[PDB]
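In what follows, a single structure is set out as structure tokens and then discussed.
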Amino acid sequence: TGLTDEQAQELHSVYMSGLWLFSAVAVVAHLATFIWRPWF
Amino acid sequence: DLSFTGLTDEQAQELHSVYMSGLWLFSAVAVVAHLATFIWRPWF
Amino acid sequence: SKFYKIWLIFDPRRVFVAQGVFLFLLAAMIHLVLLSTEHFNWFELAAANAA
Amino acid sequence: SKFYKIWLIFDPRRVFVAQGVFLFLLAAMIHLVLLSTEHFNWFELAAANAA
Amino acid sequence: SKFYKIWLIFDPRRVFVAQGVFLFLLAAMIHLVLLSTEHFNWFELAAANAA
Amino acid sequence: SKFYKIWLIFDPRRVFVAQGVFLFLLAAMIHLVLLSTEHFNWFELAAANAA
Amino acid sequence: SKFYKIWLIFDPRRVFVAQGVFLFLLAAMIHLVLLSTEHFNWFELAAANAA
Amino acid sequence: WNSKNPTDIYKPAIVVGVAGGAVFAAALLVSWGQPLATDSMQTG
Amino acid sequence: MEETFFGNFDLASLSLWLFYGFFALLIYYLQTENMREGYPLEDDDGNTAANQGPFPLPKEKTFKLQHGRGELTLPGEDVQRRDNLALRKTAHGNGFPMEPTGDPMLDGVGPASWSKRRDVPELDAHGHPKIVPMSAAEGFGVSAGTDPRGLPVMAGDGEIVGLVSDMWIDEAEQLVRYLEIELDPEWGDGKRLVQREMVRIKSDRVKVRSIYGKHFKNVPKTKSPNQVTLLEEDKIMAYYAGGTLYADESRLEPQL
Amino acid sequence: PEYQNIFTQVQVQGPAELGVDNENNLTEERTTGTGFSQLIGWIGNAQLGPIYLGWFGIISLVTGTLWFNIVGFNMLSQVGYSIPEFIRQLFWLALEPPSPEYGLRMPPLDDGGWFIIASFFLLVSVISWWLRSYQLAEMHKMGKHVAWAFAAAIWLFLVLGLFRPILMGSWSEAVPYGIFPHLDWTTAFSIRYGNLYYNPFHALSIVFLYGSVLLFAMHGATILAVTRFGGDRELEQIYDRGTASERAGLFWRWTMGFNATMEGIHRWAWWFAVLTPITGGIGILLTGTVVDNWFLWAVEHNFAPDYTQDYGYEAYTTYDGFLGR
Amino acid sequence: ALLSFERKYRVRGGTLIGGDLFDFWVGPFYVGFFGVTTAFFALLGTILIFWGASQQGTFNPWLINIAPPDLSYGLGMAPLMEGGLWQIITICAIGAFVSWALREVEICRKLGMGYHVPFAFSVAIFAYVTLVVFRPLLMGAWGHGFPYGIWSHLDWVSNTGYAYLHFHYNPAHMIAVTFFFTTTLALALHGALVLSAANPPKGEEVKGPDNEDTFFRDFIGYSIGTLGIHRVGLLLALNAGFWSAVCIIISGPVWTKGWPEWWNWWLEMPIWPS
Amino acid sequence: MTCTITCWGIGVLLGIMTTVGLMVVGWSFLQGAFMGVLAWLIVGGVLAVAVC
Amino acid sequence: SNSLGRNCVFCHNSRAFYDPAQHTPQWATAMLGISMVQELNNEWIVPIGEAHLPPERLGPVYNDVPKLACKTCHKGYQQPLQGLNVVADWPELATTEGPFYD
Ligand code: BCL
Ligand code: BCL
Ligand code: BCL
Ligand SMILES: CC[C@H]1c2cc3[nH]c4c(c3C)C(=O)[C@H](C(=O)OC)c4c3nc(cc4[nH]c(cc(n2)[C@@H]1C)c(C(C)=O)c4C)[C@@H](C)[C@@H]3CCC(=O)OC/C=C(\C)CCC[C@H](C)CCC[C@H](C)CCCC(C)C
Ligand SMILES: COC(C)(C)C(=O)/C=C/C(C)=C/C=C/C(C)=C/C=C/C(C)=C/C=C/C=C(C)/C=C/C=C(/C)CC/C=C(/C)CCC=C(C)C
Ligand SMILES: COC(C)(C)C(=O)/C=C/C(C)=C/C=C/C(C)=C/C=C/C(C)=C/C=C/C=C(C)/C=C/C=C(\C)CC/C=C(/C)CCC=C(C)C
Ligand SMILES: COC(C)(C)C(=O)/C=C/C(C)=C/C=C/C(C)=C/C=C/C(C)=C/C=C/C=C(C)/C=C/C=C(\C)CC/C=C(/C)CCC=C(C)C
Ligand SMILES: COC(C)(C)C(=O)/C=C/C(C)=C/C=C/C(C)=C/C=C/C(C)=C/C=C/C=C(C)/C=C/C=C(\C)CC/C=C(\C)CCC=C(C)C
Ligand SMILES: COC(C)(C)C(=O)/C=C/C(C)=C/C=C/C(C)=C/C=C/C(C)=C/C=C/C=C(C)/C=C/C=C(\C)CC/C=C(\C)CCC=C(C)C
Ligand SMILES: COC(C)(C)C(=O)/C=C/C(C)=C/C=C/C(C)=C/C=C/C(C)=C/C=C\C=C(C)\C=C\C=C(\C)CC/C=C(/C)CCC=C(C)C
Ligand SMILES: COC(C)(C)C(=O)/C=C/C(C)=C/C=C/C(C)=C/C=C/C(C)=C\C=C/C=C(C)/C=C/C=C(\C)CC/C=C(\C)CCC=C(C)C
Ligand SMILES: COC(C)(C)C(=O)/C=C/C(C)=C/C=C\C(C)=C/C=C\C(C)=C\C=C\C=C(C)/C=C/C=C(\C)CC/C=C(/C)CCC=C(C)C
Ligand SMILES: [Fe+3]
């Protein structure tokens, strides 16, 4: 039933940390895919 | 003052600047994306 | 101009959520329309370019 | 002139929402009508101009 | 002449919404009727004139 | 004459709605009846006179 | 005579609505019947005299 | 600062998506168009 | 037989006309059977109308009510008519809506209007009251779904007005009828009943959307905590359904 | 959104209800074995209560099983007692009526003789079930509306298989005992006697069949709409009209200009459903005995539409054009 | 005129659009914003039918026939006397049916009752919509809708049914027909209980819900209850309308061969020995 | 509930798997779907009854 | 209809299967086909089958000669080979009184 200011500091820190980790693999996967078979 | 949401006049202007910053950043990516697409494969 | 007053009548919470659905639906719709075209299908374009 | 009094009749938040929905669907519908035809189909013209 | 009394018996806000809907549907209907014909279909005429 | 007494028995805001539907129904029906005839169809007459 | 006593039997409001509906449906029916015949169809006669 | 009043936040999103889905389906049916055309002849 | 009586009028044609005559009599009978309640017509002012319809009133029929409640002849004066209605006409003629003169939910008009039923509980075959709390009922328990006893009650505007204390069931049909609400001191004083058809049961709360937080203190109460009469049932249910239009001006005014 | 009363949100289960009783001593023929099913209780009553078994119920069940077995065991013998083939062709097999050459006489067992014997047991089973409905209503001191309504269904059941074959003087006019075969009979029956669409009683019976589904959707939704005012307690609303009956009446009065009462709705409901087979029974009876061709009857009586366009596909397209070549 | 109890229910408000501009009663009927549109569309469609009947040459209600355009015209507009009048009436008919359902929403909103009735009517509209616009759109021509004639629209059913060589073998027709014959059975039995309980033999007390509840327990061994029968009765009727929409939308857009040929999947299963 | 519905969800999920699985090894959609529907009712029904 | 690939309304009008005035012109061509099939089976196919066909070419139940019907030539189409002109190149099979090449 609602969140406080303190909770959002931890919740957003994790979410942004996970977002960069997920995107770190994605950018590597796209980079390797283009070398193997470019689409441009 | 007139307000249907409860925000004050100053609060809305402060919040609008944040909204405009995101909109321009989102649009800036779209423009450069559209610019690269047009030279790659024009539709005109 | 003086457009910051739109938040005096629209709730910023609802507008922010509403546009997210609208923007994604727009982006998905535009991409899939390009696939139907024979000229802007970048998947088929690579096949023609490769050969 | 004196059209500003329409806001004394219409609730600004109700008309703004109706205006927003009506404008988009009207804009969307006209875009398909162009796509429905063959002359005003910018997707197919690029393919035709490619040949 | 003295038709301003029509608002003494009809609610101004209720009439405006009703006749706004009527005006648009009438406008859309006549536009579609023109599109159905072949003489007044400006979309097909453009293709016909352009070879 | 003294036809003005009709408003002593019919409420103005229940009769004006009655003839508003009736008058537009006539305007729509008679226009559609003419469009069905081969002689008074002004939409196909323009095509005919265009040779 | 004493035909005016009918309004002590029938409510004037309901009779006036009743004959208003009946008279128009009468007028519509006879007008449609003439249009169904060949001799009294003024739409076809106008086309015929045009030759 | 912030506003702490209740709001039906997800109400406008659902109606936008439903309305957008109709345009989404209409656009696809104009771009690709009629996956199974099933033409028929008239014999009467 | 393949021979016609006259012209092209055979046995099959004769049976068709016999059904037409029978159907016309059947429609006349069926319509008059629906006029046992609500007639004569009356008008907006309360006087009997000059027009009464093409179908005359049917002959009187008698219902032998059980449990020693006497007889009942439907075509006649109606004992369910309400008096001193808090309404005023919005026009001098007929065919126009009435405007409440006070609080519509309290005065019981329009969607919140009840009917003057008998002031006795409905009885089962044995003769005991039909609807009783599960505390009095023996051997009854919740067998499926979510048990709402103990869950907080959330009003139409999100306010929490109390927690469900008991729940009234129809032991004759083993069906839940009402939920007792233990009103908080900040919202009410005692217990109130809400019918099962105006409550949505969730995992952690029960939601009633027709009534705001401030309208709960005025819900009609029962004379006794062990049974509810037909009149009390009709007053309680009408109050909640009347809130679907009178809770706030946004509901009464047009949505577009 | 508001809670639509389509599924009960909580179920309460107590001691099983054994039913009311009077001096007729209903309890001595009752099974007194009850079971509760929670799955069905989401939409209706959750108790599978005891069933009253008397003599009309027992006779119908035993004779009905004999008809079921004779038809079923003949079908098994038809495929040479091959269970895999019996299952595969289950919807296609049947017990065909006698051949037309035998008239009303008893045909050989392999050529419709078992059909007559099986039909004899089905007739006994159906009539016995009707007597059970009539007897139960009398013992409960209730009206005989259930028996009368069921008698209307039996009227078409009797006409379709018993009365009409006698009038035509041939047992071959009966309906085969098959899933798909009695659909084949239905289609062939219409084709043989012209076009059954033009039978005035078939048209009339459809009016009451559509009205039955029409009215029960109207009545089912109206009661669910007023169930917030205790509208599902229809019997108490008849004896003491509450606000549920008033709003339900006023909703239809404001919509279509007239309404009914809580009792009078069930008179409309009873009569449309009862008139569905009553009118159809007359239409089937007249078919073959009197008319023999319904479209020609329609042409004679001037209600068959006439068309002025051409008929061949060559008048609207070409073979190459249809094929896109 | 009013009823003996109608006055206390005729209160202002509850409209969806238009407010008190149209919020009044004409006789027993309730006029709303959608009551105005219903009156316009229904009257326009009714007059156009008789205008087409006048040009058809006959006013006989059995013989009146307004037919759709040819299949050659496709999805476009046709001449009014060559099938275009049918298209206009269809627009009027759809506008009158949707307005009628929306008018029912206003009425049931003013009475503070549920919206089950307008929702149930929408299934009937959906069945009409899937016959006249949805199916013709998939099949690519407006000529696939049924004509507007009392006996002409039976000829459309006859030919459409025989266009698949046996329409009884349609799996959705099989399900949909089962729902009519059962809904009528449920309607007959439900209407009998209330009548039997409220009208016992002369000289006997009326029966309560318990007596009718135990009758079917004595009769078929199970009783669904007073609330259950209406709850399941609506579902049987709504399923009947829905499945009837399915059987006709798959005949031609999804299945072009004969309907008996559909069951070839069951006959030729790998499990069945040869 | 929250378990009977979940067990029903596993049944319908299995039926979809059964349909595509039989289509891979041959059969047909309608032939595969029939066993998928049949597997939905049996396995899904058993799961909701065997464990609650 | 299965042999032609068409349906019942290809030749008949469902409301009147008997009426000669409610039949498409394809009905008359199918009427000639019934006579053709009966003529071919009784006079041409069966007499030659019963005199030369080996036992393995006969039926499983009655050991009868195979016969032809509508689907033998049409297979699944409105016209055999969809109206392909297969006789223009073969005047030998177009008549029984000496080929006329012309
Ligand atoms: C066949 C040869 C001509 C033809 C011959 C005629 C002739 C002859 C006549 C018309 C008439 C009319 N024609 Mg034409 N007409 C033709 C083709 C057209 C076309 C077209 C696109 O082709 C159009 C749009 C029209 C349209 C019209 C309207 C201007 C008018 C009918 C009024 C009516 O029916 O509704 C009126 C009903 C109403 C009640 C609608 C009112 C609705 C509004 C929203 C109400 C708002 C009221 C609100 C309270 C504000 C009140 C303020 C007041 C000041 C108090 N015609 C062909 C080309 N037409 C008839 C006419 O009326 O002339 C005056 C006329 O005599
Ligand atoms: C065949 C040769 C002629 C022909 C021969 C005739 C003849 C002959 C006659 C007509 C008549 C009429 N014809 Mg013609 N008519 C023809 C073709 C047409 C055409 C056309 C487009 O072609 C039109 C529009 C008409 C129209 C009409 C109407 C003017 C009139 C019928 C009125 C009626 O039926 O309803 C009547 C409608 C009502 C009673 C309801 C009116 C509804 C209003 C809105 C109610 C408002 C009431 C409210 C309280 C305000 C009241 C105020 C009062 C002042 C108190 N004709 C052809 C051309 N026609 C008949 C007529 O009436 O003459 C007077 C007549 O005698
Ligand atoms: C090609 C097909 C022909 C056709 C041929 C027929 C024929 C043939 C008949 C109908 C008849 C009917 N048709 Mg038709 N009909 C066609 C087109 C239609 C269409 C349509 C949209 O096209 C519709 C809606 C209908 C609708 C109907 C119904 C109005 C009517 C059935 C009455 C009834 O309820 O039966 C319900 C009654 C029964 C099912 C009998 C009940 C039997 C007893 C009471 C129960 C015994 C139970 C048994 C022992 C099993 C119990 C087992 C339990 C498990 C224990 N037809 C076309 C034209 N139609 C009937 C008729 O004419 O009525 C006048 C009929 O005989
Ligand atoms: C005309 C309007 C509707 C209607 C009305 C109607 N039908 C009715 C009634 C009414 C009013 C009843 O009161 C009556 C009833 O009892 O309803 C519950 C009934 C009834 N109509 C029925 C069905 C029915 N209704 C139909 C149609 C309709 N009738 C319409 C929908 C139809 C159709 C489509 O034709 C049918 C088939 C029955 C359910 C019921 C009364 C039939 C009955 O019970 O007959 C007695 C027969 C038996 C008890 C046994 C029958 C055969 C069994 C299958 C044998 C047992 C097999 C078992 C597996 C044992 C195996 C043993 C071996 C392994 C050894
Ligand atoms: C089928 O057949 C075919 C042949 C095809 C056919 O067509 C048949 C045709 C047939 C049958 C014709 C039938 C038509 C008839 C009979 C014609 C009725 C038409 C009439 C009667 C015209 C009313 C005009 C009223 C207006 C337009 C008032 C304007 C009102 C103004 C706005 C004033 C109100 C304003 C106020 C301020 C009020 C003051 C208020 C206060 C003081 C408070
Ligand atoms: C079917 O047949 C075919 C042949 C195909 C056919 O088409 C036939 C068609 C036929 C017959 C239709 C004939 C149409 C008719 C008769 C309709 C006339 C149309 C009319 C009358 C529309 C006026 C609209 C006026 C406006 C647009 C005002 C705008 C108002 C502005 C916005 C001011 C308000 C602002 C304010 C501030 C208010 C002041 C408030 C305070 C001071 C508080
Ligand atoms: C099928 O067959 C075929 C052959 C085809 C056919 O056609 C068959 C035709 C057949 C059968 C003819 C059937 C027609 C008949 C029988 C004709 C009835 C017609 C009649 C009777 C005419 C009434 C006219 C009344 C008016 C128009 C009054 C005007 C009222 C005015 C406006 C006064 C109101 C004013 C007030 C101020 C209110 C009063 C005063 C106070 C309140 C103080
Ligand atoms: C043919 O059509 C084609 C062309 C294909 C087409 O459609 C084109 C596609 C188009 C247009 C769609 C455009 C895609 C877009 C826009 C998607 C953006 C992608 C995004 C946004 C990625 C989110 C990643 C979220 C994660 C993975 C977070 C990780 C964090 C996780 C969840 C852990 C957080 C949890 C905690 C920290 C614990 C809680 C903490 C406390 C409680 C303290
Ligand atoms: C079918 O037709 C075919 C031919 C296919 C077709 O092409 C149809 C296309 C058609 C019709 C185009 C229609 C497109 C239109 C009109 C474009 C609207 C687009 C707009 C306007 C862009 C907004 C961008 C907003 C952002 C992205 C802000 C970012 C904000 C950031 C995130 C800051 C944080 C947020 C806030 C501070 C807000 C308050 C919330 C809190 C404080 C929580
Ligand atoms: C595993 O178990 C075993 C057991 C092994 C098995 O096989 C399972 C059995 C299996 C699968 C059989 C499945 C049964 C099937 C599919 C039957 C469907 C039945 C159908 C569709 C009924 C059609 C309509 C019938 C009418 C309409 C009758 C009307 C006729 C009536 C009855 C009138 C009386 C007739 C007479 C002639 C009177 C004769 C009297 C004298 C002569 C006195
Ligand atoms: C001789 O020729 C040679 C040389 C051979 C040649 O051709 C060169 C070969 C070449 C170049 C190889 C081409 C490489 C390609 C195509 C690589 C594709 C693969 C790619 C790009 C990525 C894979 C790894 C993806 C994972 C493993 C992600 C992990 C994701 C995990 C599972 C997180 C998901 C879960 C969550 C986020 C939970 C969130 C929870 C909540 C939100 C609650
Ligand atoms: C030799 O050169 C050759 C080969 C010839 C060549 O050039 C070929 C290239 C050719 C033909 C161009 C083809 C297209 C190319 C290359 C790219 C276009 C496409 C592009 C650039 C799109 C990527 C975007 C990536 C993300 C992932 C962005 C994230 C953006 C986020 C999403 C913005 C939102 C941010 C916010 C703050 C708002 C958040 C909102 C909410 C939370 C509501
Ligand atoms: Fe009921």
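Ligands are numbered from 1 in the order shown, residues from 1 within each chain, and chains are lettered A, B, ... in the order they appear in the structure tokens.
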Quiz item: Skipping near chain neighbours, those fewer than 3 positions away, what residues fall within 8 Å of range 31-37 of chain D using only C-alpha atoms, listed as a ChimeraX atom specification?
Solution: /D:27-28,40-42 /E:43-44 /H:27,30-31
Produce a table with one row for each residue of chain F that has an atom at most 8 Å from any atom of ligand 5, each row naming the nearest atom pair and its distance in Å at one decimal; use only C-alpha atoms and all ligand atoms; arrange rows by chain and rising residue number; format as a Markdown table.
```
| residue | atom | partner | partner_atom_place_in_ligand_line | distance |
| --- | --- | --- | --- | --- |
| F:12 | CA | ligand 5 | 40 (C) | 7.5 |
| F:16 | CA | ligand 5 | 30 (C) | 7.7 |
| F:19 | CA | ligand 5 | 23 (C) | 7.1 |
| F:22 | CA | ligand 5 | 18 (C) | 8.0 |
| F:23 | CA | ligand 5 | 19 (C) | 6.5 |
| F:26 | CA | ligand 5 | 7 (O) | 6.4 |
| F:29 | CA | ligand 5 | 7 (O) | 6.9 |
| F:30 | CA | ligand 5 | 7 (O) | 5.2 |
| F:33 | CA | ligand 5 | 5 (C) | 6.4 |
```
For the selection just defined, write its residues with N, CA, C and O atoms to a file, as an mmCIF file, in the first residue's frame.
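Saved file out-v9.cif follows:
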```
data_model
loop_
_atom_site.group_PDB
_atom_site.id
_atom_site.type_symbol
_atom_site.label_atom_id
_atom_site.label_comp_id
_atom_site.auth_asym_id
_atom_site.auth_seq_id
_atom_site.Cartn_x
_atom_site.Cartn_y
_atom_site.Cartn_z
ATOM 1 N N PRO F 12 -43.056 22.534 -25.123
ATOM 2 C CA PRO F 12 -42.162 22.904 -26.233
ATOM 3 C C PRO F 12 -40.930 22.028 -26.349
ATOM 4 O O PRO F 12 -40.471 21.763 -27.466
ATOM 5 N N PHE F 16 -40.255 19.873 -29.942
ATOM 6 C CA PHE F 16 -39.114 20.257 -30.764
ATOM 7 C C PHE F 16 -38.202 19.065 -31.021
ATOM 8 O O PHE F 16 -37.641 18.925 -32.112
ATOM 9 N N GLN F 19 -40.152 16.893 -33.802
ATOM 10 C CA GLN F 19 -40.008 17.318 -35.188
ATOM 11 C C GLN F 19 -38.555 17.396 -35.629
ATOM 12 O O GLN F 19 -38.287 17.364 -36.834
ATOM 13 N N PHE F 22 -38.123 14.104 -37.008
ATOM 14 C CA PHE F 22 -38.986 13.956 -38.174
ATOM 15 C C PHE F 22 -38.475 14.769 -39.356
ATOM 16 O O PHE F 22 -38.476 14.283 -40.492
ATOM 17 N N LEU F 23 -38.037 16.005 -39.113
ATOM 18 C CA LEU F 23 -37.585 16.848 -40.216
ATOM 19 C C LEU F 23 -36.318 16.298 -40.855
ATOM 20 O O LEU F 23 -36.200 16.274 -42.084
ATOM 21 N N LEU F 26 -37.098 13.210 -42.971
ATOM 22 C CA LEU F 26 -37.598 13.587 -44.289
ATOM 23 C C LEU F 26 -36.463 14.043 -45.196
ATOM 24 O O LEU F 26 -36.381 13.635 -46.359
ATOM 25 N N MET F 29 -34.504 10.961 -46.162
ATOM 26 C CA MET F 29 -35.226 9.983 -46.970
ATOM 27 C C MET F 29 -35.447 10.489 -48.389
ATOM 28 O O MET F 29 -35.216 9.761 -49.360
ATOM 29 N N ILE F 30 -35.900 11.736 -48.531
ATOM 30 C CA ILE F 30 -36.187 12.264 -49.861
ATOM 31 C C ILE F 30 -34.907 12.422 -50.670
ATOM 32 O O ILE F 30 -34.906 12.208 -51.889
ATOM 33 N N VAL F 33 -34.164 8.958 -51.825
ATOM 34 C CA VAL F 33 -35.093 8.529 -52.865
ATOM 35 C C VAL F 33 -34.668 9.080 -54.219
ATOM 36 O O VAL F 33 -34.699 8.371 -55.231
#
```
Quiz item: Quick one: residues within 6 Å of ligand 7, with only C-alpha atoms and all ligand atoms, as a list in words?
Solution: residues 3, 4, 5, 6 and 9 of chain F; 30 of chain G
I'd like the superposed chain C, fitted onto chain F by least squares over all Cα atoms in order, as a PDB file with C-alpha atoms, in the first residue's frame.
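To be explicit, this is the file written out as selection_21.pdb:
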```pdb
ATOM      1  CA  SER C   1     -55.394  32.134 -36.818  1.00  0.00           C
ATOM      2  CA  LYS C   2     -55.401  31.143 -33.142  1.00  0.00           C
ATOM      3  CA  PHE C   3     -52.865  28.317 -33.336  1.00  0.00           C
ATOM      4  CA  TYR C   4     -50.694  29.638 -30.493  1.00  0.00           C
ATOM      5  CA  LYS C   5     -52.876  27.595 -28.121  1.00  0.00           C
ATOM      6  CA  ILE C   6     -51.351  24.322 -29.352  1.00  0.00           C
ATOM      7  CA  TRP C   7     -48.654  24.929 -26.729  1.00  0.00           C
ATOM      8  CA  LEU C   8     -51.330  24.906 -24.016  1.00  0.00           C
ATOM      9  CA  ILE C   9     -51.716  21.137 -24.561  1.00  0.00           C
ATOM     10  CA  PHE C  10     -48.426  20.106 -26.198  1.00  0.00           C
ATOM     11  CA  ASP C  11     -45.226  20.591 -24.233  1.00  0.00           C
ATOM     12  CA  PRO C  12     -42.910  22.854 -26.282  1.00  0.00           C
ATOM     13  CA  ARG C  13     -39.839  21.024 -24.958  1.00  0.00           C
ATOM     14  CA  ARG C  14     -40.959  17.616 -26.230  1.00  0.00           C
ATOM     15  CA  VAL C  15     -42.354  18.899 -29.537  1.00  0.00           C
ATOM     16  CA  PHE C  16     -39.127  20.720 -30.411  1.00  0.00           C
ATOM     17  CA  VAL C  17     -37.012  17.613 -29.810  1.00  0.00           C
ATOM     18  CA  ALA C  18     -39.502  15.295 -31.521  1.00  0.00           C
ATOM     19  CA  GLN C  19     -39.637  17.284 -34.759  1.00  0.00           C
ATOM     20  CA  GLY C  20     -35.845  17.430 -34.984  1.00  0.00           C
ATOM     21  CA  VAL C  21     -35.686  13.648 -35.265  1.00  0.00           C
ATOM     22  CA  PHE C  22     -38.655  13.668 -37.645  1.00  0.00           C
ATOM     23  CA  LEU C  23     -37.199  16.392 -39.875  1.00  0.00           C
ATOM     24  CA  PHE C  24     -33.781  14.738 -40.195  1.00  0.00           C
ATOM     25  CA  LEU C  25     -35.303  11.344 -40.987  1.00  0.00           C
ATOM     26  CA  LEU C  26     -37.512  12.976 -43.615  1.00  0.00           C
ATOM     27  CA  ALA C  27     -34.589  14.837 -45.193  1.00  0.00           C
ATOM     28  CA  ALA C  28     -32.374  11.745 -45.297  1.00  0.00           C
ATOM     29  CA  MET C  29     -35.189   9.637 -46.751  1.00  0.00           C
ATOM     30  CA  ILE C  30     -35.979  12.085 -49.556  1.00  0.00           C
ATOM     31  CA  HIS C  31     -32.340  12.454 -50.612  1.00  0.00           C
ATOM     32  CA  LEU C  32     -31.703   8.705 -50.826  1.00  0.00           C
ATOM     33  CA  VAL C  33     -34.869   8.184 -52.876  1.00  0.00           C
ATOM     34  CA  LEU C  34     -33.457  10.618 -55.443  1.00  0.00           C
ATOM     35  CA  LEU C  35     -30.291   8.516 -55.740  1.00  0.00           C
ATOM     36  CA  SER C  36     -32.304   5.447 -56.754  1.00  0.00           C
ATOM     37  CA  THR C  37     -33.869   7.354 -59.652  1.00  0.00           C
ATOM     38  CA  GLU C  38     -32.018   7.343 -62.964  1.00  0.00           C
ATOM     39  CA  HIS C  39     -32.992  10.964 -63.712  1.00  0.00           C
ATOM     40  CA  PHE C  40     -32.474  12.823 -60.415  1.00  0.00           C
ATOM     41  CA  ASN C  41     -29.185  11.176 -59.388  1.00  0.00           C
ATOM     42  CA  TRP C  42     -27.050  14.319 -59.447  1.00  0.00           C
ATOM     43  CA  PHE C  43     -23.914  12.211 -58.968  1.00  0.00           C
ATOM     44  CA  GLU C  44     -24.579  10.257 -62.165  1.00  0.00           C
ATOM     45  CA  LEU C  45     -25.911  13.401 -63.856  1.00  0.00           C
ATOM     46  CA  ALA C  46     -22.495  15.068 -63.616  1.00  0.00           C
ATOM     47  CA  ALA C  47     -20.828  12.026 -65.191  1.00  0.00           C
ATOM     48  CA  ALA C  48     -23.227  12.161 -68.143  1.00  0.00           C
ATOM     49  CA  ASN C  49     -22.870  15.946 -68.389  1.00  0.00           C
ATOM     50  CA  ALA C  50     -19.063  15.773 -68.306  1.00  0.00           C
ATOM     51  CA  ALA C  51     -18.898  13.203 -71.116  1.00  0.00           C
TER      52      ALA C  51
END
```
Quiz item: So which residues of chain L fall under alpha helix (DSSP H) by DSSP, listed as JSON, numbers by chain?
Solution: {"L": [4, 5, 6, 7, 8, 9, 10, 11, 12, 13, 14, 15, 16, 17, 18, 19, 20, 21, 22, 23, 24, 29, 30, 31, 32, 33, 34, 35, 36, 37, 38, 39, 40, 41, 42, 43, 44, 45, 46, 47, 48, 49, 50]}
Using only C-alpha atoms and all ligand atoms, tabulate the residues of chain K lying at most 9 Å from any atom of ligand 13, each with its closest atom pair and that distance in Å to one decimal, by chain and increasing residue number, as a Markdown table.
```
| residue | atom | partner | partner_atom_place_in_ligand_line | distance |
| --- | --- | --- | --- | --- |
| K:187 | CA | ligand 13 | 1 (Fe) | 8.9 |
| K:190 | CA | ligand 13 | 1 (Fe) | 6.7 |
| K:191 | CA | ligand 13 | 1 (Fe) | 6.6 |
| K:194 | CA | ligand 13 | 1 (Fe) | 7.1 |
| K:226 | CA | ligand 13 | 1 (Fe) | 7.8 |
| K:227 | CA | ligand 13 | 1 (Fe) | 8.8 |
| K:229 | CA | ligand 13 | 1 (Fe) | 7.9 |
| K:230 | CA | ligand 13 | 1 (Fe) | 6.6 |
```
Quiz prompt | Contacts to ligand 11 at 12 Å cut-off (only C-alpha atoms and all ligand atoms) as a list in words | solution = residues 14, 15, 16, 17, 18, 19, 20, 21, 22, 23, 24, 25, 26, 27, 28, 29, 30, 31, 32, 33, 34, 35, 36, 37 and 38 of chain A
